[PDB]
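Worksheet: one structure, shown below.
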Number of protein chains: 2
Amino acid sequence: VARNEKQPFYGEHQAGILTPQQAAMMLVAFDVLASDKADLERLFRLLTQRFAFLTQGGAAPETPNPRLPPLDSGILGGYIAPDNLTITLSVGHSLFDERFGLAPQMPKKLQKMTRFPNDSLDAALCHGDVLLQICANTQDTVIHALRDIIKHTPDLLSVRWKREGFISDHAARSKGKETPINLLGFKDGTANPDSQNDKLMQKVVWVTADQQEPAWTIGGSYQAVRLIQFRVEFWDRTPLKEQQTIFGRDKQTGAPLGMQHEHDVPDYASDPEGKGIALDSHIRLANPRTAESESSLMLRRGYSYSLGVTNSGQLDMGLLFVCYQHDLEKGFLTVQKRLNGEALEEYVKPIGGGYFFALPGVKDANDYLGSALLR
Amino acid sequence: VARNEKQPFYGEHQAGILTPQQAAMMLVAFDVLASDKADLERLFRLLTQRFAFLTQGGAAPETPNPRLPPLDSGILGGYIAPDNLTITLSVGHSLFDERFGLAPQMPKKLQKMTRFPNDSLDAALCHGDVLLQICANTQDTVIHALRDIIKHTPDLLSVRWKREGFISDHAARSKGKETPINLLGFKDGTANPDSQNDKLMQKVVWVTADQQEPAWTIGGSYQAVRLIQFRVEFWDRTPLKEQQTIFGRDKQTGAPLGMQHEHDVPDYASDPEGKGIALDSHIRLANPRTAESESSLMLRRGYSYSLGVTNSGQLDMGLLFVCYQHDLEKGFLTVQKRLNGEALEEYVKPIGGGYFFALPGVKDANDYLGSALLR
Ligand code: HEM
Ligand code: HEM
């Protein structure tokens with residue numbers, strides 16, 4: 001039964017990273033209003049409490065005294081089903097400024113996101129002290145979580161930016177067995193590293209003790225977020241041949257061009273002029289598939305978005321790109337540097353997002369998010 | 001299983017009016033680019049063809065030569081499942097201007113929406129020559145339909161404004177049996193007239209021969225749409241007693257204040273002074289429940305929406321209000337007139353929408369949307 005699905009909240013790592021993608025999600029960044037490290041700890045403790053309750057489900061908080069605001073928004077009714085909810089907390093570069101004495105604690109590669117050559121960043125949609133990635137089976141559960149978090153933090157958190165996204169229900173319900181199709185009509189996720197292989201994930205996604213990082217970071221992950229708008233109508237009137245040449249993949253099957261099966265692996269060595277798969281194609285640049293490029297593997301966990309219209313009255317739709325990696329410089333920064341100038345660029349418009357560090361897991365009810373960071 | 005569900009497209013009435021609410025929907029208004037009535041008829045025939053196909057589902061059309069833009073967006077894959085899709089077409093006041101010589105044919109009560117006292121109308125989110133209400137089990141189906149429609153009308157339609165909405169998955173699944181909860185946390189739909197009652201619908205919703213209307217409108221219905229933004233955070237810190245006094249209903253049970261069941265009928269006659277349910281409460285203003293006021297009954301079919309963050313840092317969430325009635329003046333205009341200045345206004349803010357006339361049904365494949373209107 002879908003509404004009763006739960007992902008464990010406690011663990012060595014946060015959920016929402018390796019977790020198979022649920023159908024609905026939200027990215028919401030906040031300014032932190034805490035004035036002391038003390039206030040910050042109270043906030044982190046409070047958040048852990050709210051996330052623990054929401055993700056595992058229970059009866060909605062009641063309001064015995066009606067002269068008070070309702071203790072729950074009510075939008076789910078009387079029972080708060082877990083509905084496969086995960087909440088992942090990450091912290092931005094700006095949390096490590098003067099306010100809370102955490103500067104010495106900053107992850108070695110964490111930085112403020114700065115624009116790439118194809119960027120049109122909107123200042124209202126960038127950065128933040130903290131980001132929550134909130135995913136569940138249904139949008140109702142995600143919004144209810146947000147409203148709960150907000151009601152509990154008037155003194156501590158102020159919403160900075162928010163965007164909601166989705167993947168198809170049936171792809172979500174296959175728990176990774178079927179690749180989601182993005183709003184350009186291409187399968188998106190095919191070449192992701194196996195999130196179930198724990199040794200691969202220890203190398204690819206998680207910060208490990210062997211890295212040159214502050215101790216508290218161990219078991220967390222660097223997180224790059226990009227809000228990317230599509231030129232939908234322009235894309236839809238583009239020849240199929242060109243769409244495929246831009247990506248490097250067959251639209252229908254998802255296979256690398258020239259091959260038969262979605263998950264087949266291209267051989268770039270036997271195609272040095274890119275007659276088969278173009279040298280400026282998205283996948284060839286994202287992953288050159290050389291011995292040296294293997295250090296730039298990442299776990300992508302992106303969602304589609306659809307809003308209203310743009311300022312030109314064209315459809316506002318795109319990608320909430322999210323990726324996790326053991327090292328921000330070796331992962332996202334390296335890959336995007338390779339992607340600069342790719343054929344796709346004229347079709348997409350990065351307008352927002354930022355870089356964050358996803359905290360390590362919370363061990364149990366006596367622990368709280370950020371405990372190692374704050375001590 | 002849900003993907004395979006179909007709603008009939010052909011009928012005396014259009015689907016999507018009496019149809020039980022699906023989980024996902026979109027309102028999309030267009031400017032019509034047709035220059036002639038001849039072009040107008042070409043568009044209407046074209047739309048009928050796209051709607052007939054999309055609602056019943058089938059193989060996605062293939063692209064015979066990759067030099068051609070894809071014949072389908074591909075966002076659903078190789079098969080276009082019906083997924084309970086309905087598409088309802090309505091025409092705005094502006095369609096009856098000098099372009100197509102339809103002035104003599106205009107429904108007596110059709111008019112350009114003008115602001116009510118509490119409105120902050122955004123010009124870009126108002127009016128339109130035509131409006132499509134596109135509803136389905138899932139958002140992917142709805143977006144796919146839109147892209148298909150757009151693909152086939154480059155010379156004929158321009159998107160004017162668009163908003164997508166939802167009701168909860170489970171309320172949606174009970175197919176009308178359980179009332180959707182809106183984003184203020186109140187059950188929303190309780191007092192709707194019974195859409196399965198044919199004689200009642202003929203009275204309340206459908207235009208009938210007796211009305212002083214052009215013959216073509218028979219079997220159509222006046223449609224009022226309001227895009228309404230909620231001050232969600234402010235609402236959430238408002239005492240529950242106050243939330244309830246504003247509506248006239250118990251938030252938890254949805255019953256009229258002082259009664260037991262959600263669907264109990266208030267006895268206003270026994271409370272002439274409004275000590276139980278306030279005289280200026282939402283429901284009592286909306287429906288005085290006198291035999292006289294029955295001319296103002298309507299069928300509401302509204303959806304929640306959730307977008308981003310306003311420039312003042314508040315969540316942009318609210319209601320896509322849609323209602324159907326035999327007479328726009330007797331229904332919505334009369335009801336909103338009673339509502340003007342209600343206490344709810346301090347929590348809500350109309351910003352867009354419009355008045356339209358939903359056309360009569362299409363009889364079979366030999367008929368087309370708006371055939372009576374265009375003859
Ligand atoms: C701009 C909008 C984007 C779209 C529409 C898009 C779509 C796709 C598609 C269709 C694929 C092929 C299927 C797959 O292997 O998942 C792909 C692969 C990939 N993408 Fe993107 N992507 C976008 C942005 C990005 C960004 C910003 C990055 C990293 C900075 C990125 C990194 C990757 C990587 C590493 C692969 C796997 C390539 C391989 O190993 O063969 N993508 N993307
Ligand atoms: C502005 C945001 C609005 C919200 C949050 C809202 C919500 C509600 C709620 C919770 C109810 C009680 C349950 C029910 O019977 O459905 C209700 C009833 C009703 N509403 Fe509203 N509504 C809004 C706007 C409107 C507008 C603009 C109209 C028409 C102009 C309208 C017309 C009605 C009617 C006719 C009823 C049934 C009352 C009865 O028969 O007892 N509502 N609404």
Side-chain angles (χ1 to χ4, degrees), chain A residues 231-238 308-310 312-317, chain B residues 9 14 16 26-55 60-61 63 68-73 75 80 85-103 105-106 110 112 124-134 142-163 216 220 223 225 354 356-362 365-375:
Chain A
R231 288 181 61 194
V232 186
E233 298 91 346
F234 182 30
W235 179 257
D236 281 349
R237 83 173 169 260
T238 296
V309 300
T310 61
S312 66
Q314 295 179 280
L315 295 175
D316 192 352
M317 299 178 173
Chain B
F9 171 70
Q14 286 193 83
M26 172 197 300
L27 294 171
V28 50
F30 299 86
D31 304 308
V32 175
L33 269 23
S35 47
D36 285 22
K37 179 156 107 133
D39 277 348
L40 186 55
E41 176 184 346
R42 191 164 48 88
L43 167 59
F44 281 9
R45 286 193 185 270
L46 183 42
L47 298 177
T48 299
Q49 290 167 11
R50 305 313 308 154
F51 302 177
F53 168 72
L54 294 162
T55 57
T63 304
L68 299 174
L71 278 296
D72 185 81
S73 67
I75 73 176
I80 316 300
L85 182 63
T86 58
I87 303 172
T88 310
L89 169 58
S90 59
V91 296
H93 182 258
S94 60
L95 196 75
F96 292 87
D97 65 7
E98 69 282 11
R99 307 122 87 195
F100 318 106
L102 296 177
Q105 289 285 67
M106 184 176 73
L110 190 58
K112 192 176 179 174
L125 301 174
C126 294
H127 317 305
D129 282 332
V130 295
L131 174 79
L132 302 192
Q133 175 197 275
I134 310 180
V142 174
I143 292 163
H144 173 271
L146 174 60
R147 306 263 295 264
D148 175 283
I149 295 167
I150 288 177
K151 203 239 184 296
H152 286 83
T153 53
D155 54 326
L156 289 161
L157 292 180
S158 177
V159 177
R160 180 179 180 86
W161 59 261
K162 166 175 108 56
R163 202 150 282 188
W216 74 264
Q223 183 196 235
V225 181
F356 306 84
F357 188 84
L359 313 171
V362 50
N366 241 259
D367 195 17
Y368 69 98
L369 287 168
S371 61
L373 162 60
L374 295 179
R375 57 169 103 281

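Residue numbers start from 1 in every chain, and the chains themselves are labelled A, B, ... in the order their sequence lines are given, proteins ahead of strands. The figures that follow rest on heavy atoms only: side chains count, while hydrogens, waters and symmetry mates do not.
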Spatial distance of atom [atom1] ([X]) from atom [atom2] ([Y]) [nearest 0.5 Å]:
| X | Y | atom1 | atom2 | result |
| --- | --- | --- | --- | --- |
| B:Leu373 | B:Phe357 | CG | CZ | 9.5 Å |
| B:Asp72 | A:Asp236 | CG | CG | 9.0 Å |
| B:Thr48 | B:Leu89 | OG1 | CG | 7.5 Å |
| B:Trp161 | B:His127 | CH2 | NE2 | 10.5 Å |
| B:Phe44 | B:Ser371 | CZ | OG | 10.5 Å |
| B:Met106 | B:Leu95 | CE | CG | 11.0 Å |

Is [X] reaching over with its side chain to a backbone N or O of [Y], donor-acceptor style, under 3.5 angstrom?
| X | Y | result |
| --- | --- | --- |
| B:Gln14 | B:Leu359 | yes |
| B:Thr55 | B:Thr86 | no |
| B:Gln223 | B:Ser90 | no |
| B:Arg99 | B:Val32 | yes |
| B:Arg160 | B:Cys126 | yes |

Quiz item: Passes salt bridge (charged side-chain N to carboxylate O under 4.0 Å, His left out), B:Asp148 versus B:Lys151? Steps please.
Solution: CA-CA 5 Å; B:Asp148 175 283; B:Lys151 203 239 184 296; over 6 Å; no
Do [X] and [Y] have side-chain heavy atoms sitting under 4.5 Å apart?
| X | Y | answer |
| --- | --- | --- |
| B:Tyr368 | B:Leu374 | yes |
| B:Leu102 | B:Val91 | no |
| B:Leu156 | B:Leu47 | no |
| B:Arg42 | B:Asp155 | yes |
| A:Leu315 | B:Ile150 | yes |
| B:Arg50 | B:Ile87 | no |

Quiz item: Above 12 or not: heavy atoms from other molecules or residues under 6.0 Å from NZ of B:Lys112?
Solution: no
Quiz item: Would B:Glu41 and B:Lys37 pass as an ion pair if we require N to O under 4.0 Å?
Solution: no
Quiz prompt | Step-by-step salt bridge (charged side-chain N to carboxylate O under 4.0 Å, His left out) determination, A:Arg237 to A:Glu233 | solution = CA-CA 6 Å; A:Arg237 83 173 169 260; A:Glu233 298 91 346; over 6 Å; no
Exercise. For the residue pair B:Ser94 and B:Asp129, confirm or rule out a side-chain donor-acceptor distance under 3.5 Å.
Key: yes
